[PDB]
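Q: This is the structure I have questions about; it appears just below.
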Amino acid sequence: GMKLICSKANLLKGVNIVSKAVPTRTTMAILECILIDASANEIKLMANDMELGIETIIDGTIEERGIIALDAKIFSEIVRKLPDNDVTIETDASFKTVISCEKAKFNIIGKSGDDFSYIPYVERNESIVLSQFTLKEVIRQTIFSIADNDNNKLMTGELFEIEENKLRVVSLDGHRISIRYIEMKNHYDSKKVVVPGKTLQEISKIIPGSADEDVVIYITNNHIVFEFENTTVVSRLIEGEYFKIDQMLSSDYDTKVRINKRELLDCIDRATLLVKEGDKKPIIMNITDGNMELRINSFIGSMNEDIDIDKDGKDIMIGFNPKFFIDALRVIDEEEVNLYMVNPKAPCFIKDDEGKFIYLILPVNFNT
Amino acid sequence: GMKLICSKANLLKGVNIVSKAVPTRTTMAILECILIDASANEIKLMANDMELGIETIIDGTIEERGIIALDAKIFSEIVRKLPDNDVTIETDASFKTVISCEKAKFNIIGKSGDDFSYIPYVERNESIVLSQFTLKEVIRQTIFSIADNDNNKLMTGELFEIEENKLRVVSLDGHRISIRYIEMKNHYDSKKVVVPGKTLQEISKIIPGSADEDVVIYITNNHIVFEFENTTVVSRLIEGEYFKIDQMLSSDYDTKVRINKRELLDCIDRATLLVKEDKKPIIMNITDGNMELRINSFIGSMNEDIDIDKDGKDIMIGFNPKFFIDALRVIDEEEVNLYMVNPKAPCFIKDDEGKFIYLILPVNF
Ligand SMILES: [Cl-]
Ligand SMILES: [Cl-]
């Protein structure tokens, strides 16, 4: 049976990384485990839910080569509560596992690694490099508008599109579209894939986000691979033709509004206090020369607010789900934003001067 | 109707203080409200649940005197989300309320203050002064061992006892006793009262906890009053004879253990990961120079050895790990003394300076 010695801090960092691929609630028991693979010359921790696989290398000494699967919850809680010293992990043929550190000892029962579905081999072709910061930020800037249900599988993921030195990240749920553009310093072959939402959410939790550290990405047909520090994230891709959205990014508008981003965000956020879970009231905007008036009313009461704007084009009254504006404005760093509208039934676009983003929000249909 | 102008920050600090006395659930609709009393020369915010009442003074301008009750949840959320400018509050005779700030305006409906149960007048006799730090810490050091049910009303509160310059704070739930002693620089008349657990929990949430800021306390028969900054907390007291506990603090023991507080705490905390949703005891095997701790469940087992200095008999004793965890988490000392007689008798956690006594009953496993 297996025998290893690891520093607690290295083992803790590792279990905390691979745990993001351990299913929250499942009927599959081996999926609730972390695999310890010490069969070769490296200590490898692994978690796989069949969609998302996470692998990490732990620094340590292999005294006796071996493999074991341990309950992810019990093993992480053990590692997290052990003293800050060397941790010994020892197993036997009956899968009885002893985890020892200083004068403390835990006896638990593991499972055979033969039941564990290993992360598949993925051929590494062309590599894409992004800073940890850029990847974490582009997910934060788009992840909120993926669908909250499984009615359409493609809507539960994010489109990743590369053409020459440009990357475009897209999410949509049928009510809005979030698009981010990134100019890269390298030229790459064209690629268009849909990454599951859960993959991007879980990778957000393990990527520190330094602007000085990089992520190497591989897109090989049915899989996406992310490498950073001593971790490998492998994810299945969503199959099918993604929505044709370039047709909807019609550059024609009848109204353009320049407004302070923080004032708009604070006002829409104020309005939401009047509408609670059992209510679904739109925020009404009345855009005139130099002014935007926002209203909401409910059983709790009403709100009226005026915001100074710079408006070009037609006066317009338009309604929206406040949540959609709050989600997009929360991820816009710019001091001011440009709102583009055609009419009260047409989409509204939040765009910037530098071409970094497009947030499309569908308004409320009042049916005239 | 009423008309007031207040800075948002002053109004926010005030609603955040009085909200701690707003009952989560009530039989009287009006008690879900915060009372704004601007009938005299001060702006007073007030909340009450019939047991605990909180009053606070807001700096501002009274343009038109008046009283209104506003839903505590809606009013606090409004104040918290308004811009950082002056907030105007205006009401009419139909209780329609306008809350305005900068270019934002809210229209809500209030209630008459005439339905509100005001904090009663409490005669201020002898005053007791404690730092905010001391009061916040003594509650943290004892509040965890009040009863989690209402089977016995006295067990849901904490005993507050004063004799000359000594204050003693006691909580018990039938399985353990937490006693804290505080030496004060003033001498006071004897007082023995039982303060509701909820009062102490709510006051911990509003006391900043500075060692340089003081709390003035008044104990007048049926009530306890706490005063700090621009806030007054009033609470009813629990009636009845508190448990005779001095009889149980028998100084006789057969085993004394000196152990590192952090080492014991970390070990008992490690053991708890093996008990989930299960109620298994932690078993201690105390011998010369060593304490062995064990726990066994369906998940697995743990064995741990801790270096100790032991005087007296070897002993094997079992406990609910939670009771040790709760007490050790509030002990600041590097080392603790454990005193025992036998596996069925209480265990005492004591310090050398007489600052505390934590009594824990063992589990007769
Ligand atoms: Cl791979
Ligand atoms: Cl507070």
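Following the order of the structure tokens, first chain is A, next is B, and so on, with residues numbered from 1 inside each chain and ligands from 1 in the order they appear.
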Could you build a table of the residues in chain A lying no more than 6 Å from chain B, giving for each the nearest pair of atoms and their separation in Å rounded to one decimal place, using only C-alpha atoms, ordered by chain and ascending residue number, as a Markdown table?
A:
| residue | atom | partner | partner_atom | distance |
| --- | --- | --- | --- | --- |
| A:81 | CA | B:270 | CA | 5.7 |
| A:103 | CA | B:305 | CA | 5.5 |
| A:104 | CA | B:304 | CA | 4.3 |
| A:105 | CA | B:303 | CA | 5.2 |
| A:106 | CA | B:302 | CA | 4.5 |
| A:107 | CA | B:301 | CA | 5.1 |
| A:108 | CA | B:300 | CA | 4.7 |
| A:270 | CA | B:81 | CA | 5.5 |
| A:301 | CA | B:108 | CA | 4.7 |
| A:302 | CA | B:107 | CA | 5.1 |
| A:303 | CA | B:106 | CA | 4.5 |
| A:304 | CA | B:105 | CA | 5.3 |
| A:305 | CA | B:104 | CA | 4.3 |
| A:306 | CA | B:103 | CA | 5.5 |
Q: Please produce a file of those selected residues containing N, CA, C and O atoms, as a JSON list (two decimals), in the first residue's frame.
A:
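Final file, selection_6.json:
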[["chain", "number", "residue", "atom", "x", "y", "z"],
["A", 81, "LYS", "N", -7.47, 21.01, 9.38],
["A", 81, "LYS", "CA", -7.40, 21.04, 10.84],
["A", 81, "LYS", "C", -6.14, 20.38, 11.43],
["A", 81, "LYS", "O", -5.92, 20.51, 12.62],
["A", 103, "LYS", "N", 1.63, 14.58, 16.78],
["A", 103, "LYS", "CA", 1.15, 13.52, 17.68],
["A", 103, "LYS", "C", -0.34, 13.15, 17.42],
["A", 103, "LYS", "O", -0.96, 12.50, 18.26],
["A", 104, "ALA", "N", -0.89, 13.57, 16.29],
["A", 104, "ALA", "CA", -2.27, 13.32, 15.91],
["A", 104, "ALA", "C", -2.35, 12.29, 14.79],
["A", 104, "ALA", "O", -1.48, 12.23, 13.91],
["A", 105, "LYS", "N", -3.39, 11.46, 14.84],
["A", 105, "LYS", "CA", -3.58, 10.36, 13.91],
["A", 105, "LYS", "C", -5.06, 10.15, 13.60],
["A", 105, "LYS", "O", -5.88, 10.12, 14.52],
["A", 106, "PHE", "N", -5.40, 10.03, 12.31],
["A", 106, "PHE", "CA", -6.76, 9.77, 11.84],
["A", 106, "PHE", "C", -6.82, 8.45, 11.13],
["A", 106, "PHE", "O", -5.98, 8.19, 10.27],
["A", 107, "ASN", "N", -7.81, 7.61, 11.45],
["A", 107, "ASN", "CA", -8.02, 6.35, 10.72],
["A", 107, "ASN", "C", -9.32, 6.49, 9.97],
["A", 107, "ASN", "O", -10.35, 6.80, 10.59],
["A", 108, "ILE", "N", -9.26, 6.42, 8.63],
["A", 108, "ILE", "CA", -10.43, 6.51, 7.76],
["A", 108, "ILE", "C", -10.35, 5.36, 6.75],
["A", 108, "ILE", "O", -9.37, 4.62, 6.74],
["A", 270, "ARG", "N", -31.25, 51.44, -5.61],
["A", 270, "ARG", "CA", -32.23, 52.03, -4.67],
["A", 270, "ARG", "C", -33.65, 51.55, -4.99],
["A", 270, "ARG", "O", -34.37, 51.16, -4.10],
["A", 301, "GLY", "N", -44.39, 50.91, -1.75],
["A", 301, "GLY", "CA", -44.41, 52.34, -2.02],
["A", 301, "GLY", "C", -43.83, 52.70, -3.37],
["A", 301, "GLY", "O", -43.71, 51.84, -4.25],
["A", 302, "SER", "N", -43.46, 53.96, -3.56],
["A", 302, "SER", "CA", -42.90, 54.37, -4.86],
["A", 302, "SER", "C", -41.59, 55.15, -4.71],
["A", 302, "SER", "O", -41.23, 55.62, -3.64],
["A", 303, "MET", "N", -40.88, 55.26, -5.82],
["A", 303, "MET", "CA", -39.64, 56.00, -5.92],
["A", 303, "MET", "C", -39.63, 56.82, -7.20],
["A", 303, "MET", "O", -40.06, 56.35, -8.24],
["A", 304, "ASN", "N", -39.11, 58.04, -7.11],
["A", 304, "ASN", "CA", -38.87, 58.90, -8.25],
["A", 304, "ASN", "C", -37.45, 59.47, -8.14],
["A", 304, "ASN", "O", -37.09, 59.99, -7.08],
["A", 305, "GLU", "N", -36.65, 59.37, -9.19],
["A", 305, "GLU", "CA", -35.29, 59.91, -9.17],
["A", 305, "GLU", "C", -34.94, 60.55, -10.51],
["A", 305, "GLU", "O", -35.26, 60.00, -11.55],
["A", 306, "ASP", "N", -34.20, 61.68, -10.47],
["A", 306, "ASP", "CA", -33.72, 62.38, -11.66],
["A", 306, "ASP", "C", -32.20, 62.29, -11.74],
["A", 306, "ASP", "O", -31.53, 62.50, -10.75]]
Q: If we count only C-alpha atoms, what is near region 83-96 of chain A at a cut-off of 10 Å, once residues fewer than 5 positions away on the same chain are taken out, given as a CSV table (one decimal) with C-alpha atoms, in the first residue's frame?
A:
chain,number,residue,atom,x,y,z
A,1,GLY,CA,0.0,0.0,0.0
A,2,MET,CA,0.7,3.8,-0.5
A,3,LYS,CA,2.9,5.9,1.8
A,4,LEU,CA,3.6,9.6,1.4
A,5,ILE,CA,5.0,12.6,3.3
A,6,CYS,CA,3.7,16.1,2.4
A,7,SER,CA,3.9,19.6,4.0
A,8,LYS,CA,0.4,20.4,5.4
A,9,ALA,CA,0.4,23.8,3.5
A,10,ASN,CA,1.1,22.2,0.2
A,11,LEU,CA,-1.5,19.5,0.8
A,36,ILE,CA,-4.4,10.7,-4.6
A,60,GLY,CA,6.3,15.8,-1.2
A,61,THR,CA,8.1,12.4,-0.7
A,62,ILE,CA,6.8,9.1,-2.1
A,63,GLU,CA,8.0,6.4,0.3
A,64,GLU,CA,5.7,3.7,-1.3
A,66,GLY,CA,0.2,3.9,-4.7
A,67,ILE,CA,-3.3,5.2,-5.5
A,68,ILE,CA,-6.3,5.9,-3.2
A,69,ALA,CA,-9.6,7.8,-3.4
A,70,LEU,CA,-10.7,9.6,-0.2
A,78,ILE,CA,-8.7,16.6,8.1
A,101,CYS,CA,0.8,14.7,11.7
A,102,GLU,CA,2.9,15.5,14.9
A,103,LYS,CA,1.1,13.5,17.7
A,104,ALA,CA,-2.3,13.3,15.9
A,105,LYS,CA,-3.6,10.4,13.9
A,106,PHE,CA,-6.8,9.8,11.8
A,107,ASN,CA,-8.0,6.4,10.7
A,108,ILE,CA,-10.4,6.5,7.8
A,109,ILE,CA,-11.5,4.1,4.9
A,110,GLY,CA,-10.6,5.0,1.3
A,111,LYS,CA,-11.8,3.5,-2.0
A,112,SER,CA,-9.9,1.9,-4.9
B,263,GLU,CA,-3.2,22.6,21.7
B,266,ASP,CA,-7.0,22.4,18.2
B,267,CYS,CA,-7.2,18.7,19.1
B,270,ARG,CA,-10.0,18.1,15.0
B,300,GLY,CA,-13.5,6.8,11.3
Q: Residues contacting ligand 2 - anything with an atom at most 7 Å away, using only C-alpha atoms and all ligand atoms - can you give me those as a CSV table (one decimal) with N, CA, C and O atoms, in the first residue's frame?
A:
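What ended up in part20.csv:
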chain,number,residue,atom,x,y,z
B,13,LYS,N,-26.5,55.4,11.1
B,13,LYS,CA,-26.0,54.8,12.4
B,13,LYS,C,-27.2,54.6,13.3
B,13,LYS,O,-27.2,53.5,13.9
B,16,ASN,N,-29.5,51.5,12.3
B,16,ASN,CA,-28.7,50.3,12.5
B,16,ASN,C,-28.6,50.0,14.0
B,16,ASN,O,-28.4,48.8,14.3
B,17,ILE,N,-28.7,51.0,14.9
B,17,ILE,CA,-28.6,50.7,16.3
B,17,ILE,C,-30.0,50.2,16.8
B,17,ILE,O,-30.1,49.1,17.4
B,205,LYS,N,-24.0,43.3,19.5
B,205,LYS,CA,-24.1,43.8,18.1
B,205,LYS,C,-24.0,45.3,18.0
B,205,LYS,O,-23.7,45.8,16.9
B,206,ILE,N,-24.3,46.1,19.0
B,206,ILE,CA,-24.3,47.5,18.9
B,206,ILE,C,-23.1,48.2,19.6
B,206,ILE,O,-22.9,49.4,19.4
Q: Running DSSP on the backbone, which parts of region 107-324 of chain A land in strand (DSSP E or B), as a PyMOL selection string?
A: chain A and resi 107-109+111+127-131+157-172+176-196+214-220+223-228+231-236+255-260+283-288+291-297+302-308+310-313+316-320
Q: May I ask you to write as an mmCIF file with N, CA and C atoms, in the first residue's frame all residues lying at most 9 Å from ligand 1, with only C-alpha atoms and all ligand atoms counted?
A:
data_model
loop_
_atom_site.group_PDB
_atom_site.id
_atom_site.type_symbol
_atom_site.label_atom_id
_atom_site.label_comp_id
_atom_site.auth_asym_id
_atom_site.auth_seq_id
_atom_site.Cartn_x
_atom_site.Cartn_y
_atom_site.Cartn_z
ATOM 1 N N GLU A 55 -6.696 18.784 -11.638
ATOM 2 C CA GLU A 55 -5.479 18.063 -11.307
ATOM 3 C C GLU A 55 -4.465 19.032 -10.759
ATOM 4 N N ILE A 119 -8.981 12.055 -15.665
ATOM 5 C CA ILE A 119 -9.101 13.132 -16.636
ATOM 6 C C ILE A 119 -8.536 12.589 -17.950
ATOM 7 N N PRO A 120 -9.281 12.667 -19.080
ATOM 8 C CA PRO A 120 -8.746 12.111 -20.333
ATOM 9 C C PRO A 120 -7.513 12.857 -20.829
ATOM 10 N N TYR A 121 -6.710 12.182 -21.657
ATOM 11 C CA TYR A 121 -5.586 12.809 -22.322
ATOM 12 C C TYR A 121 -6.162 13.771 -23.370
ATOM 13 N N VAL A 122 -5.610 14.986 -23.440
ATOM 14 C CA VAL A 122 -6.053 16.001 -24.398
ATOM 15 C C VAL A 122 -4.811 16.460 -25.138
ATOM 16 N N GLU A 123 -4.814 16.321 -26.469
ATOM 17 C CA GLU A 123 -3.675 16.739 -27.276
ATOM 18 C C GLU A 123 -3.512 18.256 -27.200
ATOM 19 N N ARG A 124 -2.289 18.705 -26.906
ATOM 20 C CA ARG A 124 -1.966 20.117 -26.776
ATOM 21 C C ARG A 124 -1.416 20.639 -28.086
ATOM 22 N N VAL A 225 -8.498 23.185 -21.977
ATOM 23 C CA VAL A 225 -7.515 22.961 -20.914
ATOM 24 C C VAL A 225 -6.951 24.319 -20.485
ATOM 25 N N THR A 232 -3.959 21.996 -13.509
ATOM 26 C CA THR A 232 -4.527 21.739 -14.827
ATOM 27 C C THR A 232 -6.022 21.570 -14.640
ATOM 28 N N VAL A 233 -6.779 22.352 -15.372
ATOM 29 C CA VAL A 233 -8.222 22.289 -15.401
ATOM 30 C C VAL A 233 -8.578 21.806 -16.771
ATOM 31 N N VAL A 234 -9.379 20.722 -16.842
ATOM 32 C CA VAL A 234 -9.857 20.155 -18.101
ATOM 33 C C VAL A 234 -11.391 20.148 -18.118
#
Q: Can you tell me, as an MDAnalysis selection string, what residues are no more than 9 Å from residue 38 (chain B) when counting only C-alpha atoms, ignoring any on the same chain fewer than 5 positions away?
A: chainID B and resid 2:4 43:45 62 64:68
Q: If you measure from CA of residue 1 (chain B) to CA of residue 118 (chain B), what distance in Å do you get, rounded to one decimal?
A: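 Value for the CA of residue 1 (chain B)-CA of residue 118 (chain B) distance: 20.2 Å.
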Q: Between CA of residue 205 (chain A) and CA of residue 149 (chain A), measure the distance and give it in Å to one decimal.
A: 21.6 Å
Q: Report as a PyMOL selection string all protein, DNA and RNA residues lying within 8 Å of residue 360 (chain B), evaluated on only C-alpha atoms, omitting residues in the same chain fewer than 5 positions from it.
A: chain B and resi 175-177+323-324+346-348
Q: What's the 9 Å shell around region 275-278 of chain A, counting only C-alpha atoms, without same-chain residues fewer than 2 positions away, as a count of residues only?
A: 10
